[PDB]
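Next up, structure tokens for two forms of one chain, structure 1 and then structure 2.
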Structure 1
């Protein structure tokens, strides 16, 4: 639509393309359609989802109450403009808030400010511009000036994607001043009008996209059960798991980085859960934390991935090896997970990336190396079937859940189902696979 395709290093783009142009897909669709689908895929990654979704902390508050409070907050943020919020029928702890589509109306100003790619993503997510994120600004820029903000997606500022207009809180002199970090540019007229939930009901809400919220529902944890979250940072799926069990049971959260673990404890504390035990521990060494084999009722592997399905995302300054180095780690963590899983237990493997190597190929690898594992259907089903290319039958592909960022054309801004459709299809790149363990080991 308005934004260019996601900015990737030619090598990386060629890698992804190699992954999305396997002979199976080319056989199933033809080369032209494969190419077009890949290009549209790269084109939809730059644009924000039509819906921002939030998870209600049902352990402390009801969905209706929080919905009303959010209605109030929204009619506060947008100067009396009230926008609808929808409770997802299948994911009833999830609220959907529509983002206002491409404003092709906003005309640019003379005073300009240029920001980084990540800062641009933040702006597209509904955040404001802060002084450290500004790399360039027009001279004679004063506080209160109406300025146009551009994103340097190629990272060539010591080419410019227009993000919208705002008012300056600082002057050029003040911006490039010697560390005012809490101010910068208030986005008053952005292209995408997404709201900010960074200080709105800290104990009742959690900013979490739809598939990530779907993960825990698919896992389907029950009260009294023992659950393991191998890679639990920052703790969204962990707290969700605890909340689904009404904080009754035990959820072990594991992470390798200390600070992230402290973040997990912080989030668990904010949402009032107590059945969570967080540990700074390497998930690859989890087997005897460490814990005895087959001691967990359910295990979630929200695996570390290339994350090439996140939206919005205007650029990725990554090497090819960085992108392609996830598979061995994922397989180690997966092995640990299988070893720690109880007989007739459930293992869920999830990623927020779009590559074959980190999704379908891992499912094939898992079903080959572990005869004790059996692929299972998922409820609810929200996303499309698995992508062809890893040598999986149609039945196996229909039991996986893959979210395609480019499945519908990019929206522009309705009925209930008309919004639910957008929230379900126009989403981020995500992958979910479900396994049950048949015998012991």
Structure 2
């Protein structure tokens, strides 16, 4: 609608096309209908999801208790403006907050600010512009003036640049907390008083009760279905959104092991675990590809966990909003070998009759369905299983999988439904039945696979 397609290098944009126009997909659909769904996908990755999704930490407060407190917070932020807060009927701990946008009649100001590409995404998701996110502002920008915020999506603007002619995209207007001289540090930089997409700010709303998580990511731990008193492993876990979710589903009864290769990233897990009141979590900085111990705290012996979650590192191109990804084709393909190494460690560490859930935050066939076919061939002890709840679409063709196997996977296609232009007259002219499905389809690009280990090794 409002934003152009995701700016991809000519090499990577065709690398995705080659996978989305494979012989398996263009035979089921049409050759003209296969490219239409691919170019529609490229147009949707630039836009934010039409819903804000929050996960209630049920170990410290109720869904009924946090929803009421969120209504109190939403009226303060929106100044009487009442946007509903739905509750997902399939995910008991997730609340849905519809996005108001895109607004297209916003008058642009002469005072400007450029922010980082990732900071620009958070603005489109309801965040304000804090101090370390501004990359450039107008020369002598007065503290307290209404300012036009733009996202440096190519990430090419140097810090403190007086001007910037490169590709920038309008994010809305707001009044600034600080001056340009004071910027070029923490605190509030630019309070978004008129964003293109309207959604609540969740910076420090209810740190012990909430966790802002995408719907397909909160669905992951539900699909994993941990049980109280089980030994669960989160191989790639930081910052621990799913790890804390798994601990909450077990009522903190059991053992949840969390790993990640970066020291500070692991510290975030420990803070989030303590902040949300989970004591069953134990986080370690460790290479998951080396987490298997043998004859001669990680590493662990094989067949040691009841369930294992591999939210593997990926190309991350199933992210929304994503208006520019300047990666190489080699950097996008950089994740396939590392995924297969982490997968091999999980299969060995999983107990017999254990459950393994594999998930990515990208859209590529080589990282989602091709890995499932590779796993079920290299690991005869594994067997694909149906998922509960089933929220996303079927698996994508091109990996030579069954129709019964594709029906068992959950791939979230942002191309599934058209982008809505939600103003406040639209919700008052809509039913709760339609918005629940829109939240299940207008999601980020995501993939979920679930296996079970038949025999031992």
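Positions refer to the first chain, counted from 1. Each form is matched to the other, and the largest set of C-alpha atoms that superpose within 1.5 Å is called the rigid core.
Rigid-part membership between structure 1 and structure 2 is shared by residue 62 and residue 234 [C-alpha given to the better-fitting superposition]. Domain rotation between structure 1 and structure 2, with the chain taken as two rigid parts and C-alpha atoms superposed, amounts to 12 degrees for the smaller part. Core-aligned Cα shift between structure 1 and structure 2 at residue 19: this is 1.0 Å. Once the core is aligned between structure 1 and structure 2, the alpha carbon position of residue 112 differs by 4.0 Å; this is the C-alpha shift at that site. Core superposition gives residue 400 a CA displacement of 0.4 Å between structure 1 and structure 2.
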